[PDB]
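1. coords please:
(chains A, B and C)
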Amino acid sequence: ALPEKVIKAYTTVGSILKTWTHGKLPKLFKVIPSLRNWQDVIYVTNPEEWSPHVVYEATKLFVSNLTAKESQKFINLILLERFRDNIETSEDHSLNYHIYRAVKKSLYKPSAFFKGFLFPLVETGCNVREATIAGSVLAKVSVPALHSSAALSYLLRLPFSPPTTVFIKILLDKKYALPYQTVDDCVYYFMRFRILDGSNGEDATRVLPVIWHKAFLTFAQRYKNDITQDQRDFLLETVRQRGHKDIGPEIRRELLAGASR
Amino acid sequence: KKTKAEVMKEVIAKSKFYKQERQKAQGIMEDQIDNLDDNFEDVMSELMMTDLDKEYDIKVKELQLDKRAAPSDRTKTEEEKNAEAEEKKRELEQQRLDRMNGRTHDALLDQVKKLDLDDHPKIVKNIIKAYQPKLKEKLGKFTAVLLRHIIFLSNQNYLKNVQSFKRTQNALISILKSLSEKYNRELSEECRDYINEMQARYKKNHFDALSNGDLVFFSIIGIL
RNA sequence: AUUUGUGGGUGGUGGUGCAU
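-> Numbers count the residues shown, from 1 in each chain, chains lettered A, B, ... in the order given. Coordinates below:
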């Protein structure tokens, strides 16, 4: 049950946004952020069929004027699906420049995009190319210390996965702050990756990848002093038992150059 | 014909592209003219309005907690580190050959130092400098104090022997080497004003304006 | 109650030669 004028205006605005490439956005679209039924207006206007530049502009306007929860809901329900569709059905699995700009804006304002997409991408099972693109975008435009630590703790407390491990590798390349709790979470992730000689799950016997090995090497190069004597010994034991053949030297060098906090 | 009909096929399809582009812009302009207020009436008609967050809230206290920065970089090879420095040594060498072709007041800190002792007041001042640097203008003033105070002390006394004076003196030398590699404009201003004052003193009195401080001035600028 | 003052990363949302 929607008004006929409302439906006509929404369809006309969606068509104008889909066909628009340059110029100014409509005042209807500018006052949509200052309205209530924004999700319904966007669904009627079909933002999936609209322009990526117009979508990036709408996301920036919502991040600059609207509220964080409405911004997170809109960002999830539009951008996550659109980015997944673009990555799956791109001509060469290539991300759009305007979509990347919108994602960079959403990362600059990370109070919404994390709970909107970062847990949602891992839950929806982003592919290897999608995980690599997400890690590259995060390394290009990271976030504040609190948001980075929350994202890292969420990724470590999440189960072992290729996309989660790639996200952990990109976060370790960014080299954010790891407190005692974050270092404990990293050590728990390493112990879960290592085998247990009574009850064991799947990661005890599951093989580890080169991305996970590089993530462990970067974590050892960054947070060597954030691990205590027992934590450094546990990291060295993990890097010996289930570590790589060629990363073992740098791993042991970092685990021996690390100091107890 | 190929440079004409291509120009024809371009601009026709360009204007076709232009007219289509202008049509969407006019539609958006019409959307901001009448459909804008209609959208305001649209929102007045229509109506449409955890665990990870707790883990995020748990990580929020795990972000304002402890922290330690130690993000190390790559490993410098021995020959590689040696070569770049050798390159760095060479870079100033041809440049030399190309050149071979073409805390505030004195007494403000003098009283502070005289109250102290110039056996480690330098190291104390080095801390005071490092403190300010931890917070460059004050550093330039500090170097000015360093210079005129070195001159001042060399004028003052020689009770410290070659193993009590040269210690703090060479400490001042190394300190001013570091502050030379950090600051140069101020040092040039200092030396230039001092040498003009040198001339003025000499002109007022040829022999009655000599100084051991001037001697060590010449020596230090020469090795600097 | 984000922004400024000090430092610093400065290239592959890389093409390509080839093997399988």
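2. give me every residue in chain A lying close to RNA strand C.
-> Proximity of chain A to RNA strand C, by Cβ under 7 Å from any atom of the strand, involves residues A:94, A:95, A:96, A:97, A:99, A:100, A:133, A:136, A:144. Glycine gets a C-beta too; all of them are placed from N, C-alpha and C.
3. can you get me a residue count around the fifth one?
-> The tally of other residues near residue A:99 (other Cβ atoms under 10 Å in any protein chain shown) stands at 20.
4. what does stretch B:197-210 contact?
-> Where contact means Cβ atoms under 8 Å, 6 or more residues apart in numbering or on different chains, the residues beyond stretch B:197-210 that reach it are residue B:214.
5. centre of the chain versus it, how much separation?
-> Put simply, stretch B:197-210 sits 38 Å off its chain's centre (Cα atoms, centre = their mean, to the nearest Å).
6. and the end-to-end length of that stretch?
-> Start-to-end span of stretch B:197-210 (Cα to Cα, to the nearest Å) is 12 Å.
7. next: stretch B:98-110.
-> Using Cα to Cα, first and last residues of stretch B:98-110 are 42 Å apart.
8. give the buried residues for that stretch.
-> For stretch B:98-110, burial by neighbour count (16 or more other Cβ atoms under 10 Å in any protein chain shown) applies to B:109, B:110.
9. have a look at chain B and report its longest helix.
-> helix B:5-31 (DSSP state H).
10. whatever helix or strand comes next after that helix near chain A at all?
-> Following helix B:5-31 in sequence order, the next helix or strand is helix B:35-43 (DSSP states H and E). Yes. Under the criterion of Cβ under 8 Å from any Cβ of the partner chain, chain A is reached by helix B:35-43 at B:35, B:36, B:38, B:39, B:40, B:41, B:42, B:43.
11. got the buried residues for stretch B:204-216?
-> Neighbour-count burial for stretch B:204-216 flags B:213, B:214, B:216 (criterion: 16+ other Cβ under 10 Å).
12. where's it relative to the chain centroid, distance-wise?
-> 37 Å.
13. tabulate the CA atom coordinates of the strand or helix carrying residue B:150 in CSV.
-> According to DSSP H and E, residue B:150 maps onto helix B:137-156. Below are the C-alpha coordinates for helix B:137-156, written out as CSV (Å, rounded to 0.1, in the frame of the first residue of the first chain):
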residue,chain,number,x,y,z
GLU,B,137,62.3,27.2,17.2
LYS,B,138,63.1,26.6,20.9
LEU,B,139,65.7,24.2,19.6
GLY,B,140,67.3,27.0,17.5
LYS,B,141,67.3,29.2,20.6
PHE,B,142,68.8,26.4,22.5
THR,B,143,71.6,26.0,20.0
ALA,B,144,72.2,29.7,20.2
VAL,B,145,72.5,29.3,24.0
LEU,B,146,74.8,26.4,23.4
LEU,B,147,77.1,28.4,21.1
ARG,B,148,77.4,31.5,23.1
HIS,B,149,77.6,29.6,26.4
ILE,B,150,80.4,27.4,25.1
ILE,B,151,82.2,30.7,24.2
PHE,B,152,81.2,32.0,27.6
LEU,B,153,82.7,29.0,29.5
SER,B,154,85.9,29.0,27.5
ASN,B,155,86.2,32.6,28.4
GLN,B,156,85.5,31.9,32.0
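14. buried stuff in that helix?
-> When neighbours are counted by 16+ other Cβ under 10 Å, the buried residues of helix B:137-156 are found to be B:139-154.
15. could you count how many residues lie near the residue in chain B positioned nearest to RNA strand C?
-> Closest contact between chain B and RNA strand C, by Cβ to the nearest atom of the strand, is at residue B:136 (6.2 Å). Using other Cβ under 10 Å, residue B:136 has 11 other residues around it.
16. now do the same for the residue nearest to residue A:61 when sequence neighbours are not counted: helix, strand or coil?
-> The shortest distance from residue A:61 to any non-neighbouring residue, by Cβ to Cβ, 6 or more residues apart in numbering or on different chains, is to residue A:33 (5.0 Å). Under DSSP: H, G, I helix; E, B strand; the rest coil, residue A:33 falls in the coil class.
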